[PDB]
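In structure tokens, the next block holds one chain alone, the form deposited in one PDB entry.
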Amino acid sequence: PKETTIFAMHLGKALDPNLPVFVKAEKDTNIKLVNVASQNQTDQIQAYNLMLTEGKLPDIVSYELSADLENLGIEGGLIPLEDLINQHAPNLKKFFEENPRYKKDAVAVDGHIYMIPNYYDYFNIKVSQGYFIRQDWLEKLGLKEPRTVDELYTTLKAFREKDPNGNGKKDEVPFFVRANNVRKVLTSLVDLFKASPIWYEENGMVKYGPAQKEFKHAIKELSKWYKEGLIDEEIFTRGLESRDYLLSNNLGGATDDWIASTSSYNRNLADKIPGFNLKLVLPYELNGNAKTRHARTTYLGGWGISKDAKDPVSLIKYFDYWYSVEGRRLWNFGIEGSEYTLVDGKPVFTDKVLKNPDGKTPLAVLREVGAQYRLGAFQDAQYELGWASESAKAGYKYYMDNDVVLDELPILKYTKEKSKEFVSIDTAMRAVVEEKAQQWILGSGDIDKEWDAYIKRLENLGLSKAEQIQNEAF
């Protein structure tokens, strides 16, 4: 039993090493994790920043913001991993040889590997979020599927004013999202208006979404839709239970969310809410623009080994376990005999996952046993296809066939000094954007009056320089 400290959080939950997935990994690797994040910590960014002030770093550092994680490596807080991998991690060594695109995500500008990313199975499923609407509410109200942003507005107004759930109460929440921070709230609200809360590419040049006039229009419209009760009054506070609560209580009319898990609700709620039909639609058009910027990235976050770890060879072997056939299946599918059984060598989920007796969705069940816990593992799209509905599978093809998805801007990497400057500027601007976007949507500030000063604020923090660093690394 080798006691190993780790900082690990995901989706607001500190990693619990007693979950079945990590109990099994413990038996197989003799690595017994001890989290330095405590169970009452739910803000991963503030916990990470606090962790950096505490003196000694944990043996393993996991973080969702890979640019900050790689900066920690450039400063010597994380050790280079490439020699440890070549000598001691045959599964990772093979993975990097077989996947040069993924290897590029792992290599810093100085040539060192400071982190193993948590890879999506990008080359098998590359879409992420889509737009959904309560088709049973459309039929109930005699309305057609809205195809433009303006028609969506009118439709949501009808959802709010005309009692589609039939209980004589003005309780409908026409449009809702799912998030545990402000960035994720904005992410699923501003794409409607063809804006972006982050950096994006136009025509070979990298630009900052929140500084564009499309973002101003998005926020201005959302403030109006907020006042009229068309978007959830609790958008910024409802948290990750939002979709579960609003759909299962028959309150929510439409959303922008991950395709497979959102498609799970039709079967999940079929008995509780007879006729429930939350249906995927193509992104609503705005003046002929039919695109969404929602796309899966090649990876999200990662983990590394800190300079303070006593036994890095043992830890790279732990990293390598998740890239073995058995370790990767464990991370993706859960426990054999509980979450899945092997049928002709291939995992097939059990009733516990696919028809959960406590009314849980399949992915919620998997996360509760420790599967899909973001660290530095390699997702297997067969896990997702194993529980995705037929409508979800058609939905992937629907979005791809109709060419509505724009690829995400890759997470660029920089030389040491530029990488210190960029993350400093990007972090500072992020705080300003999330402050003003909330005030503007909630009605406590006037965006028409304040936009120009906001821009100047971003410029004062270094927006021009950040863009310049961006276009150098592109």
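In this text, residue numbers run from 1 along the sequence as written.
Novice: So, looking at the entry's B-factor column for Cα atoms, which has the higher mean, 287-295 or 167-175?
Specialist: The stretch with the larger mean CA B-factor is 167-175.
Novice: In the PDB record, does 442-450 or 62-70 carry the higher mean Cα temperature factor?
Specialist: Mean C-alpha B-factor is greater for 442-450.
Novice: Per the entry's Cα B factor values, which of 217, 140, 157, 243 stands out as the maximum?
Specialist: Max CA B-factor in the entry, restricted to 217, 140, 157, 243: 140.
Novice: Quiz for you: based on the deposited Cα B-factor, which of 358, 234, 256, 150 is highest?
Specialist: The record points to 358.
Novice: Comparing residue 52 with the other modelled residues of its chain, is its CA B-factor in the lowest, middle or highest third?
Specialist: As the PDB entry reports it, the C-alpha B-factor of residue 52 lands in the highest third of its chain.
Novice: By the record's CA B-factor, is residue 121 among the lowest, middle or highest third of residues in the chain?
Specialist: It belongs to the middle third of the chain when residues are ordered by C-alpha B-factor.
Novice: By its CA B factor, does residue 421 count among the lowest, middle or highest third of the modelled residues in the chain?
Specialist: For residue 421, the deposited C-alpha B-factor lands in the highest third.
Novice: Considering only modelled residues of the same chain, in which third does the CA B-factor of residue 433 rank: lowest, middle or highest?
Specialist: Lowest third of the chain for residue 433's C-alpha B-factor.
Novice: Within this chain, which third does the Cα B-factor at residue 374 fall in: lowest, middle or highest?
Specialist: Lowest third.
Form deposited in another entry: not shown, discussed below.
Novice: Select the option from 390, 166, 344, 357 that falls at the hinge between the two rigid parts moving between this form and the one not shown.
Specialist: The hinge between the moving rigid parts is marked by 390.
Novice: Are residue 116 and residue 185 closer or farther apart at the Cα level in the other entry than shown, by 3 Å or more?
Specialist: Note: Cα gap between residue 116 and residue 185 widens in the other entry.
Novice: Do residue 466 and residue 72 move together or apart in the other entry, judged by C-alpha distance changing 3 Å or more?
Specialist: Pair moves farther apart in the other entry.
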